[PDB]
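Have a look at the structure below, then the notes.
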Protein chains: 4
Amino acid sequence: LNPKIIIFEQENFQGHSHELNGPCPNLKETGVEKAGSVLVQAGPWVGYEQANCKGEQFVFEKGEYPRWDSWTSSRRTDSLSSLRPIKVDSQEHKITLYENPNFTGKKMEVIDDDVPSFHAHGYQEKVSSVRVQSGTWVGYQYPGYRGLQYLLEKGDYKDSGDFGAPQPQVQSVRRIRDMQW
Amino acid sequence: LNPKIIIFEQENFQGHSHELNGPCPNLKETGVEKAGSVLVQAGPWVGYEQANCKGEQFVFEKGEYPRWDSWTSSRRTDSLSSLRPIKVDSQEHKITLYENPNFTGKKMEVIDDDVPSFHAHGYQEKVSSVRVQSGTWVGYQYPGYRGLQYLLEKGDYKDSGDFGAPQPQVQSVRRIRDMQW
Amino acid sequence: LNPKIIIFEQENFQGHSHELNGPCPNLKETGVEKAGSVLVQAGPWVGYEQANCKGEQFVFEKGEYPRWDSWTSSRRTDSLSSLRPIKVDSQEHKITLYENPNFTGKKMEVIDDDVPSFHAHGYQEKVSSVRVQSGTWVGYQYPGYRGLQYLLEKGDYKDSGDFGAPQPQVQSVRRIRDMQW
Amino acid sequence: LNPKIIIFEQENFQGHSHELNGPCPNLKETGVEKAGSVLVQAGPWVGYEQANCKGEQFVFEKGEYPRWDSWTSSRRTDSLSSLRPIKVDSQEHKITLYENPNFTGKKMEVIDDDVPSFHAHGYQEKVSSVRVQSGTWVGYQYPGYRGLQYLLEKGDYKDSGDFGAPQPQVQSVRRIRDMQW
């Protein structure tokens with residue numbers, strides 16, 4: 001829901017502690033004199049050498065940082081004065097296939113890759129509706145990309161007829177990754 | 001520039017031929033009585049069993065289709081009456097690093113992956129400007145993700161100072177793929 | 001444990017059925033006159049047009065094949081006379097990190113990719129022993145490939161001292177994928 | 001041919017320099033008193049804090065290291081006394097398809113991934129022989145995994161007949177990545 005990082009006045013997560021859920025242009029404001037240890041529970045975050053998000057940068061990933069050298073590659077400075085969460089830009093291609101019409105029953109989500117066999121994913125229900133959130137996909141009736149093919153583009157298919165299936169049957173899907181125009 | 005597919009009245013790319021650069025809701029219009037062979041030079045395209053982009057679907061990828069069974073998995077019908085190019089939705093994470101300021105000199109493009117060493121890619125120039133088109137990246141001064149770190153988010157950095165580098169030096173980059181908020 | 005495929009005399013998995021757990025150079029031997037439908041539960045398998053694993057080839061992946069055209073792209077022939085499982089050659093790079101010495105306690109397996117943060121995988125125990133089954137890896141004390149580095153090559157490390165850690169602490173790992181010699 | 005790394009007595013690649021093409025259990029032997037800068041041209045290499053490949057570890061990737069802090073994350077010690085190249089264990093799945101029999105003419109190498117269209121790779125010759133070095137692959141006559149299928153396992157196919165092709169025609173290939181036994 002929120003990013004979450006905890007700063008400690010002392011190493012080893014010792015001393016006065018302070019939780020942040022958003023940017024802090026001036027950490028002195030949290031009462032902790034000079035961060036000594038940091039604990040990141042929901043990130044990532046970028047911390048700065050100076051206030052206002054200026055000077056040397058340090059990116060913090062989920063995990064434990066028990067001392068300043070754990071985060072300053074340069075080992076330039078031990079100063080940590082500003083923090084902010086990072087909104088990561090990370091684009092996947094995703095399609096969700098559902099057992100029943102209208103996006104109900106068992107579901108199967110596929111992120112970016114091709115799947116030559118749904119039963120090998122434990123999916124063995126029929127496919128009555130599909131939601132394509134991104135990417136260009138091709139669904140096939142049988143495993144190994146065989147039988148009738150259905151082009152699946154961004155959009156909602158509430159029923160199998162909408163994608164052209166004569167029966168709510170899909171057993172493989174592949175993503176179209178290239179265009180030569 | 002345009003998609004390009006050529007339909008032949010006969011198998012083996014024989015007979016009256018017709019080039020399409022866009023959708024054809026009714027192939028009879030091209031003079032070719034019943035497509036016998038198809039050649040795709042810039043795709044992909046989706047063809048349909050009936051006019052107006054109705055009935056069984058067939059997706060065509062760059063390559064040669066010398067006969068109807070080469071494209072109809074069902075082998076249901078041999079009918080090909082409508083065609084249209086497919087606009088593929090395919091999202092990459094890309095960053096371009098340039099030798100000189102302002103996006104000039106030698107360049108290096110990185111698509112989605114991490115690169116622990118620029119010299120192993122043949123890139124050994126300094127890095128003075130960066131263009132991030134998508135993704136969240138972290139640039140480092142030395143190979144193996146060492147030294148000063150620079151967070152690189154969508155945007156243009158005309159000079160190294162804009163990304164916080166004290167010198168136009170970058171030798172590794174990694175992409176931030178997850179957020180826990 | 002064994003591959004498993006079931007052949008039916010009739011379409012739709014109807015009629016006399018027969019389970020195979022190994023190669024059948026002559027399917028007539030199973031009593032089913034001409035396979036009509038096939039069900040693959042543990043594969044893949046390769047089937048042949050003629051006996052003895054001769055003629056047209058058809059590869060079967062986990063899933064349901066309710067009729068012959070579901071498996072013969074050519075749609076050449078409807079004949080299925082020999083079957084054999086395929087031993088797939090599929091090489092991964094794998095490392096397992098364990099909470100306690102000697103390969104005990106909680107464990108974390110990593111297949112081929114880099115992991116910048118163990119806590120983001122739900123792993124937050126210390127790392128006392130490592131098993132590297134394949135690949136060249138580099139373990140680091142903190143997230144984001146920071147702190148002491150430990151080169152991890154094929155082999156068993158029963159205790160953290162064997163990999164050179166001063167403490168059973170590892171929070172990131174990356175695989176070395178290239179050599180320039 | 002050999003790994004190659006050059007050690008300099010001074011920072012910025014200054015001073016007495018020494019090239020290594022193999023392990024050096026005691027760098028004092030090269031005349032350079034305390035490495036100040038390192039240049040890696042063919043690696044990777046692992047360096048050690050003490051002689052004989054003991055103490056803190058530092059992995060060196062192709063690139064420039066102008067000062068000691070460029071390589072010691074700990075920033076523990078500035079000592080570099082032993083070096084050795086790393087033999088990387090890195091397993092790919094590779095298949096090479098050739099225009100003419102016997103592994104001659106134009107060639108196309110495929111490493112690990114599926115290729116739905118050879119013409120989209122610029123390959124438009126026929127395929128008369130195949131070398132599979134690793135992996136389990138399936139070759140198809142037309143693009144998009146259509147037409148006759150040929151199972152391609154580790155081994156040499158000097159002519160198209162050996163893989164069962166009736167014509168030296170292959171336009172797509174996919175790798176079989178899973179086995180359920």
Side-chain angles (χ1 to χ4, degrees), chain A residues 144-146, chain B residues 8 10-14 36-40 58 60-75 78, chain C residues 25 27 34-35 44-60 68-84 86, chain D residues 95-108 110 115-119 123-132 136-153 155-174 176:
Chain A
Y145 319 117
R146 292 201 267 298
Chain B
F8 294 76
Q10 289 194 339
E11 114 207 298
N12 298 286
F13 307 113
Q14 219 59 315
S37 66
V38 164
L39 165 83
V40 175
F58 325 112
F60 297 83
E61 290 155 288
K62 195 166 150 73
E64 300 177 19
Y65 298 82
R67 273 132 230 164
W68 85 271
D69 53 52
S70 78
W71 68 66
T72 58
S73 201
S74 142
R75 287 233 25 205
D78 79 322
Chain C
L27 256 11
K34 181 162 244 182
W45 278 76
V46 52
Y48 312 76
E49 195 203 351
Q50 307 182 333
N52 294 287
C53 281
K54 256 23 145 192
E56 206 187 332
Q57 311 168 49
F58 325 112
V59 171
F60 297 83
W68 85 271
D69 53 52
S70 78
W71 68 66
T72 58
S73 201
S74 142
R75 287 233 25 205
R76 224 234 260 271
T77 191
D78 79 322
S79 248
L80 181 55
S81 322
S82 41
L83 271 155
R84 70 159 176 103
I86 293 166
Chain D
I95 178 160
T96 305
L97 304 101
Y98 289 89
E99 175 184 23
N100 293 331
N102 207 32
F103 328 121
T104 48
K106 265 204 41 158
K107 79 153 135 180
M108 201 195 183
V110 184
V115 175
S117 168
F118 277 17
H119 286 206
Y123 191 91
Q124 331 136 78
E125 354 300 328
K126 45 193 226 269
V127 174
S128 298
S129 53
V130 178
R131 210 183 291 234
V132 166
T136 311
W137 303 81
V138 193
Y140 298 85
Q141 270 188 301
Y142 296 129
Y145 319 117
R146 292 201 267 298
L148 287 173
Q149 342 171 7
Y150 300 128
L151 174 66
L152 298 157
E153 301 189 272
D156 294 321
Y157 295 87
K158 282 174 175 219
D159 193 49
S160 76
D162 293 350
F163 60 78
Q167 315 131 8
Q169 194 188 189
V170 194
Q171 296 180 73
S172 48
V173 72
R174 72 182 173 113
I176 301 331

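Atoms considered below: every heavy atom in the structure, side chains included; atoms not considered: hydrogens, waters and symmetry mates. First the proteins, then the strands, lettered A, B, ... as listed; each starts at 1.
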Quick one: which of D/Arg174, D/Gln171, D/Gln169 gives a side-chain hydrogen bond (donor to acceptor under 3.5 Å, both in side chains) with D/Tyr140?
D/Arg174

Please check: side-chain N/O of D/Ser128 versus main-chain N/O of D/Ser160, any donor-acceptor pairing under 3.5 Å?
no

With rounding to the nearest 0.5 angstrom, report the CZ to CZ distance, B/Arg67 to B/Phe13.
8.5 Å

Please check if the side chain of D/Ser117 supplies one atom and the backbone of B/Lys62 the other of a donor-acceptor pair under 3.5 Å.
yes

Across all chains, not counting sequence neighbours, the side chain to side chain contact (heavy atoms under 4.5 Å, CB included) partners of D/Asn102 are D/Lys158

Looking at C/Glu49, is its backbone amide N or carbonyl O close enough to the side chain of C/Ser81 to form a donor-acceptor pair, meaning the two atoms are under 3.5 Å apart?
yes

How long is the gap from CZ on B/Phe58 to OG on B/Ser73, to the nearest 0.5 Å?
10.5 Å

Donor on one side chain, acceptor on other, D/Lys106 and D/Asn100, under 3.5 Å
no

Could you tell me which residues satisfy side-chain hydrogen bond (donor to acceptor under 3.5 Å, both in side chains) with D/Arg146, sequence neighbours excluded, listed by chain and number?
B/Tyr65

Applying side chain to side chain contact (heavy atoms under 4.5 Å, CB included) to B/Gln10 and not counting sequence neighbours gives B/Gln14

For D/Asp156, check side-chain hydrogen bond (donor to acceptor under 3.5 Å, both in side chains) against everything at least two apart and list the hits.
D/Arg131

Expected output: side-chain C/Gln57 to main-chain D/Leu151 donor-acceptor under 3.5 Å
yes

Sequence neighbours excluded, the answer for ring pair (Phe, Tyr, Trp, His ring centres under 6.0 Å) partners of D/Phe163 is D/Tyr150

To the nearest 0.5 Å, how far apart are CG in D/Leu148 and OH in D/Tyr142?
7.5 Å

Under the side-chain hydrogen bond (donor to acceptor under 3.5 Å, both in side chains) test, which residues partner C/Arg75, sequence neighbours left out?
none

B/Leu39 side, atom CG; B/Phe8 side, atom CZ - distance, nearest 0.5 Å:
5.5 Å

Taking the side chain as C-beta and beyond, is there a heavy-atom pair between D/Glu125 and D/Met108 under 4.5 Å?
no

